[PDB]
Every structure is written in structure tokens, then in C-alpha cells.
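Residue numbers (the entry's author numbering): 144 to 820.
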Ligand SMILES: CCCCCCCCOCCOCCOCCOCCO
Ligand SMILES: CCCCCCCCCCC[C@@H](O)CC(=O)O
Ligand SMILES: CCCCCCCCCCC[C@@H](O)CC(=O)O
Ligand SMILES: CCCCCCCCCCC[C@@H](O)CC(=O)O
Ligand code: NA
Ligand code: NA
Ligand code: NI
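Shown next as C-alpha cells:
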């Protein structure tokens with residue numbers, strides 16, 4: 144039923160049986176030599192996660208707090224590696240292709256997805272450039288071959304309101320052409336004064352069966368965000384502590400209302416072609432093109448002003464960016480036997496190409512009182528403009544073999560990569576132009592016991608182009624990740640329960656390092672991240688689903704010129720844990736009702752790489768109640784009330800440095816109505 148490039152599992156409540164993310168071909172999680180979590184549509188809905196980042200808050204090895212209550216972009220820190228977290232997202236097989244070094248990172252609304260898979264650790268062997276911590280792969284909704292219709296409505300605090308629809312179905316008498324059309328409109332004042340978020344999006348999709356051997360899928364995703372919510376940060380002095388006498392509200396807005404814009408338009412046109420050649424061979428081509436636009440205009444705080452007492456030193460930052468990008472992945476796979484051994488041999492060739500045109504304005508703004516701001520003084524005092532064109536190109540050739548034999552599952556992969564990047568400075572004339580070729584390998588071995596236990600060991604690699612440069616303005620060499628993972632998976636034969644343990648050790652080399660006086664880097668640092676991840680999904684009866692996680696992460700700088708040579712980076716909790724439970728009353732008095740709840744604990748973190756100051760820990764509580772009106776004669780209609788951060792904690796979710804600390808989201812309460820067919 145076509146495994147190449149599909150998950151092809153089966154899902155039941157919060158638990159899926161298979162995935163494609165570690166292998167690029169459907170494999171049962173139990174027989175897969177990597178740590179892989181999967182978050183279902185149902186999980187996303189039950190926790191009322193507004194955002195792919197928020198949707199990961201019950202998953203071990205993941206930190207969701209990088210910018211606190213900001214929703215503009217999706218920051219997912221994996222296994223301690225925060226440094227280019229916007230780039231961890233892949234969509235229908237293919238990297239998202241935002242440009243991490245500009246304001247043009249892309250955002251996928253969760254209403255368009257059906258699933259989210261997380262793969263832990265270095266993963267370049269099938270994806271090219273990526274992070275040492277791993278990757279997140281989103282799977283979008285697809286056309287259906289029986290008629291389906293949903294309409295959905297939401298109201299909330301902070302002025303939240305959402306409407307959305309989702310029609311799918313067969314288009315022809317013979318059920319070989321199918322559509323899906325998904326639309327939404329969405330808005331929020333946030334917790335923060337004078338800010339809106341706003342989105343309108345629509346996703347059409349056509350699915351065409353060609354002979355008995357081919358499917359073609361045409362895809363669009365048009366999204367427009369006329370407002371970007373909030374993306375500010377404030378000093379730790381006055382947030383984790385008192386500044387002179389005061390404390391700095393979690394509703395505080397560091398900008399100017401008359402100069403705060405964030406307008407993002409993102410359009411994707413894509414296709415997936417699946418083709419069966421023989422009983423042995425399959426091919427598959429995935430492709431997507433992205434044309435984005437960002438206009439941005441903001442005044443933002445950078446520390447206390449040194450001459451004015453209770454006011455924040457502030458700057459301006461404008462941008463107009465046009466990004467155009469494309470990505471294609473070609474795969475050819477064979478299923479054949481050599482004696483006792485089953486082989487699944489994959490080769491493929493991918494190609495990425497990205498151009499981004501960026502006109503950046505900047506300058507200084509009047510200072511602003513941090514407790515009793517007076518807005519209005521929006522005159523900017525401009526610095527020199529800074530205009531660039533930026534291109535990247537990556538090309539990969541890769542080979543994988545999955546060898547099955549007796550109770551062993553083995554895994555081999557190689558990949559050759561070619562990366563070119565170039566920056567034209569249209570303001571000063573100058574040009575950077577640099578290219579690297581990289582080789583990556585992965586090897587895994589798992590053993591599948593008769594009773595449902597599956598120990599596995601795995602070795603694996605990543606590379607990623609370095610964000611930083613040397614004294615001559617040349618980029619540093621790419622960073623290299625290497626990981627040994629040792630893991631244990633369990634599912635009892637009968638049950639719908641699943642358990643996982645992973646011990647891992649990751650090394651990151653070529654990390655940028657600077658002597659504090661210097662303003663240019665050298666690639667001479669190293670980071671080591673090791674820890675333990677536990678994950679439980681339990682069906683305790685037919686009415687009760689549980690998810691449990693625990694995460695121990697010891698990440699430090701094992702080599703650093705900055706003076707931080709045994710420190711833990713910021714945004715890296717030593718401990719995290721979570722627990723979520725949904726109860727659905729079967730029969731009796733409360734039939735149709737559902738209650739669920741959860742708790743998430745995040746340990747203390749450092750505010751700074753110097754480790755001079757702690758961010759306190761926090762436990763947040765989320766809750767829900769739902770009712771199925773099908774019980775009472777209105778089949779398909781149901782209704783829910785959700786609350787995240789039920790106890791309305793103030794807290795600093797994290798800091799990026801002592802100058803930039805971020806508040807966690809306050810209590811968020813959404814009530815929802817869905818009518819199906
Ligand atoms: C279990 C108790 C809670 C159940 C409450 C169910 C009712 C849900 O109402 C939400 C429907 O409202 C959505 C309307 O939003 C858009 C309309 O406004 C236009 C804005 O210009
Ligand atoms: C109900 C959902 C509303 C749909 C929102 C999508 C907005 C996308 C803007 C696309 C504009 C270009 O296509 C027009 C052009 O080239 O001039
Ligand atoms: C086996 C045949 C492949 C099927 C056709 C797909 C070709 C994809 C074009 C990619 C362009 C790069 O190659 C350019 C390069 O960086 O050199
Ligand atoms: C059968 C396998 C054929 C493989 C074709 C490999 C082509 C790779 C060269 C293109 C790489 C660009 O991103 C950078 C560049 O070339 O400057
Ligand atoms: Na892994
Ligand atoms: Na938004
Ligand atoms: Ni616009």
C-alpha cells in the first residue's frame with residue numbers, strides 16, 4: 144500500500160504504530176533503531192496546542208520555552224541544542240527552507256496537520272544540513288476517499304477567536320480523484336499590551352490515481368499573517384530580580400504602538416508523485432516551492448539605559464524580505480531477499496535552493512519607562528542601511544539499507560553533501576562565497592524479542608553550516624554532530640501501550656568561540672550533550688489514555704575560549720517531566736463527558752552562558768472538559784473547554800542572555816465547538 148515516503152501506520156488515541164521519519168520508508172516504531180516520538184491529531188486537539196512548538200510540550204527531550212509566550216516562530220530545542228532551533232522543521236518530507244539568519248522563518252499552522260513526528264539526535268544521513276539534537280517532521284492532511292466535512296469554532300480569553308473548515312472527498316464517479324480544502328481565520332490580542340496576532344490561511348490539495356501504479360498529489364498552502372504577535376525580551380535585572388524597587392509586568396510591551404508591524408505572507412506550491420515500477424522497485428518524487436514576504440517594523444529593548452534611571456535603552460529594526468526557495472527529493476527503493484535476509488535498499492538525490500533579498504533598516508529609539516511606559520515618542524535615529532542578497536544550495540546523494548534477519552533489524556546509511564552559500568552586500572559592494580562538501584554515516588542494530596522488548600544501539604552523524612565568521616568576514620566551517628544512542632523499547636503483544644528509554648551521548652564540534660574582547664569567532668569550541676529520555680503511552684482501560692515523560696540532560700561546553708569551559712548553556716534544563724491523562728466516560732451517568740489534565744515540570748536553567756544567574760523552575764497545569772452531543776441526537780457535534788496554565792503562573796520561561804528574558808504564557812482558556820460529517 145506504498146511504504147516509500149509514507150508513515151503508513153495505524154494510530155489509536157495518542158499512540159501511533161509506525162513512522163517514516165527515521166528511514167524515509169514506513170517502519171514500525173518497535174523495529175526502528177532511533178528514538179522517535181509521534182504526536183497525533185487527537186493529542187494536539189485534547190491539549191489545545193495553538194502552535195507546533197506548544198504541541199511538543201508533552202514530549203521528552205524537548206524544551207518549549209525558548210521565547211516564552213511568543214508565537215511568531217516555532218522554536219523547538221532538542222537535547223539541549225538551541226542555537227539554530229528555527230531550522231528543526233521538515234514538512235511532507237522536505238525541509239521548511241526559511242532562512243534562519245533573516246526574519247523569514249516559516250510557520251505551519253497545526254490545523255493543517257495530521258501528525259507530528261520527532262526524531263532525536265544527528266540525522267543528516269537522510270536530510271543533509273540539520274542540527275545535532277534532531278528534527279521535527281510534520282505531516283499535512285491528505286485527501287480522503289469517502290466524503291468528509293468539518294467546521295470548527297473557538298473563543299478564548301486574550302481576545303482569542305478562530306473559525307476553520309476542512310472539506311475532503313472523492314471528486315469522480317470512480318473514486319480516483321480526491322480533494323481536500325482546508326481554511327482558517329484566527330486572531331488574538333496576546334497577554335502583551337498593544338499587540339495583535341492575526342492569520343488567514345487556505346490549503347487546497349488534489350490527489351490523482353493514474354494507472355494502477357501511480358499517485359500524484361498537488362498541494363497548495365497560502366497563509367497571510369497581518370500581525371506577528373510579540374517577540375520582545377527584557378532584562379533579567381528586573382525580571383528574575385527587582386530593579387531598584389520594581390518587577391516589570393509580564394503584559395509589558397517594549398515597543399512603540401505607532402511603529403509595530405509584522406506582516407508575513409507565505410505561499411507554497413508542491414507535489415508528491417508515487418510510482419510502483421515492479422514488485423521490487425518504487426520511486427517517489429517530493430517537491431515544494433516557497434515564495435514568502437516579510438515586512439517588519441519594531442522598536443525593541445536592549446538593556447537598561449545607562450543615563451536614564453528606570454528606562455530601557457532601545458533600537459529600531461526594519462526589514463522587507465522576499466524569499467524564494469525550492470526543494471526536491473528523489474528516491475528509488477527496492478525490497479528483495481538474499482536467502483534469509485530481507486533488504487529495503489534506498490537511494491536518492493535531493494536538492495535545495497534558496498534566495499532571500501533583504502533590505503534592513505535599523506537605528507536608535509527614545510528610552511522607555513519599564514513600569515509606567517509612556518508611548519508616543521517614536522522618532523528613530525537611523526543607522527546606515529544594510530542590504531543583502533543571500534543564497535544557499537545543498538545537494539545530497541544518499542544510500543540506505545535496512546536489513547531484516549531473524550529477530551535482528553539492521554540499518555546502514557551514507558550520504559554525500561554539497562553546500563554552497565553566498566551573501567552579496569548590495570549596500571557596500573562586497574560578496575562572500577563559500578562551499579563545503581560533507582560526508583555522513585549512520586549505523587544501527589536492534590533486536591526484537593519474542594515478548595515485545597527491543598534493545599538497540601545506534602551511531603550517527605550530522606553537519607550544519609556555521610552561523611558565525613572569522614576576522615576576515617569568512618564563515619566558519621560547518622558544525623559536526625556525532626551521537627551514540629543506546630535504547631530500549633517495549634510494547635506488550637496484546638495491549639495498546641508503548642514504553643521507551645534512550646541513553647545518548649552527542650558531541651558537537653566546530654562550534655564558534657570568541658575571546659570576550661574580540662568580536663569575531665573561531666571554530667574551536669565543542670559541546671557535549673548526554674542524558675536519558677523516558678516515554679510512556681498507556682491505555683490503562685478503554686476510557687483512560689496516559690502520556691508520561693522524563694528527561695535528564697547534561698549538556699556542557701567542553702571547549703570554549705569565552706571562559707565558559709565547563710558551563711551549561713542557557714535554555715537547557717537538567718530535568719524535565721510531563722504527565723497527561725484523558726478520561727472519557729463510557730456509560731453510566733457521565734456518558735459523553737471527558738475530563739483530562741496534565742502537568743509539565745521544567746527545571747532550573749541558567750539565564751546566561753557565564754552561569755551567573757538561575758531561572759527558577761516551574762510546574763504548569765493544563766486541564767480540559769469535553770462533551771459529545773451525539774449522545775443526545777446531534778451526531779457529529781461536540782464541544783470542549785480547555786485551559787493551559789490553569790493556575791496562571793508568572794514566570795520567566797527562559798533567558799537568551801541577561802539582556803533578554805522571556806515570560807511564559809499566562810492562563811489560556813479556549814472553548815470550542817466542532818460539527819463533523
Ligand atoms: C463544556 C463547556 C464549554 C462549551 C462551549 C461551547 C461553545 C463554543 O463557542 C465558540 C464559538 O464561537 C466562535 C465564533 O468566532 C468567530 C465569530 O466572530 C466574528 C469576529 O469578527
Ligand atoms: C479563508 C482564507 C483566506 C486566504 C488567505 C491567503 C492569502 C495569500 C495571498 C496571496 C496573494 C497573491 O496570490 C496575489 C498576487 O500575486 O498578486
Ligand atoms: C535519476 C534522475 C533524476 C530525476 C530528475 C530530477 C532532477 C533534479 C534537478 C536538481 C538540480 C541539481 O542537480 C543541480 C546541481 O546542484 O548540480
Ligand atoms: C548519480 C548521482 C549524481 C549526483 C550529482 C551531484 C551534483 C552535485 C553538485 C551540485 C552541488 C551544489 O549545491 C553546489 C555546487 O555544485 O557548486
Ligand atoms: Na535517535
Ligand atoms: Na500570527
Ligand atoms: Ni499583508
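Ideal Cβ placement from N, Cα and C applies to all residues, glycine included.
Use the C-beta contact count for residue 182: other C-beta atoms within 10 angstroms, 16 or more gives buried, fewer gives exposed. buried
Is residue 190 near ligand 1, judged by its Cβ being under 8 angstroms from some heavy atom? No, ligand 1 has no heavy atom inside 8 angstroms of this Cβ.
Beta-carbon proximity of residue 507 to residue 457, cut-off 9 angstroms: yes
Just how far apart, CA to CA, sit residue 270 and residue 486? 21 angstroms
Can you grab the Cα-Cα spacing for the pair residue 478 / residue 236, in whole Å? 21 angstroms
Mind listing, in chain order, the residues whose beta carbon lies closer than 7 angstroms to a non-hydrogen atom of ligand 6? Going along the chain, the residues that qualify are 214, 215, 340, 341, 342, 368, 370, 371 and 372.
At which residues does the alpha helix (DSSP H) containing residue 270 begin and terminate? 267-270
Proximity to residue 284 [Cα-Cα], best of 528, 326, 353 and 556: 326
Report yes if the C-beta of residue 406 is less than 8 angstroms from at least one heavy atom of ligand 7; otherwise report no. yes
Do you know how far the Cα of residue 194 is from the Cα of residue 341? 13 angstroms
Cβ-Cβ separation, residue 312 to residue 321 (assumed contact under 8 angstroms), whole Å: 7 angstroms
For residue 309, the first and last residue of its enclosing alpha helix (DSSP H): It is not in any alpha helix (DSSP H) - residue 309 instead sits in the beta strand (DSSP E) that spans 304-313.
Taking 8 angstroms as the cut-off, is the C-beta of residue 326 nearer than that to any heavy atom in ligand 2? yes
Under the three-state DSSP convention, the category residue 173 falls into: helix
Beta-carbon proximity of residue 148 to residue 411, cut-off 9 angstroms: no
Using only CA atoms, which one of 197, 173, 399 and 202 lies nearest to residue 677? 202
For residue 492, is the beta carbon positioned less than 8 angstroms from some heavy atom of ligand 3? Yes - ligand 3 has a heavy atom lying nearer than 8 angstroms to the Cβ of residue 492.
Threshold first: 3 residues or longer. Then list the beta strand (DSSP E) segments lying entirely within the region 325-409, N to C. 339-352 and 357-371
Pairwise C-alpha distance: residue 597 and residue 792: 41 angstroms
Does the distance from the CB of residue 459 to the CB of residue 525 come in under 9 angstroms? yes
Do the region 745-755 and the region 707-714 touch if we need at least three Cβ pairs shorter than 8 angstroms? With the cut-off at 8 angstroms, the region 745-755 and the region 707-714 touch.
Within 8 angstroms: the Cβ of residue 345 and any heavy atom of ligand 2? yes
Would you decide whether residue 317 is buried or exposed? Buried here means 16 or more other CB atoms lie within 10 Å of its CB. exposed
Please go through the same chain and pick out, in chain order, the residues whose beta-carbon is closer than 7 angstroms to the beta-carbon of residue 683, but skip the five residues on each side of it. 689
Mind checking residue 574: buried by the 16 CB within 10 Å criterion, or exposed? exposed
Measuring only the C-alpha atoms, how far is residue 623 from residue 605? 6 angstroms
Helix, strand or coil for residue 618 per DSSP? strand
What are the boundary residues of the beta strand (DSSP E) that residue 560 is part of? 551-568
Just to confirm the assignment, what range does the beta strand (DSSP E) spanning residue 529 have? Residues 529-548.
Quick check on the burial criterion: 16 or more other C-beta atoms within 10 angstroms. Buried or exposed for residue 636? exposed
Examine the Cβ distances between the region 641-654 and the region 287-294 and report whether three or more of them are shorter than 8 angstroms. Result no; under three Cβ-Cβ pairs closer than 8 angstroms.
Quick check on the DSSP output: the beta strand (DSSP E) that includes residue 500 runs from which residue to which? 484-512
If we call anything under 9 angstroms between Cβ atoms a contact, is residue 736 one with residue 685? no
Looking only at DSSP bridge pairs, what is residue 465 linked to? 436 and 500
Just the C-alpha distance for residue 767 and residue 675, rounded to the nearest angstrom, thanks. Here the alpha carbons of residue 675 and residue 767 stand approximately 30 angstroms from one another.
Residue range of the unbroken beta strand (DSSP E) whose run includes residue 257: 256-263
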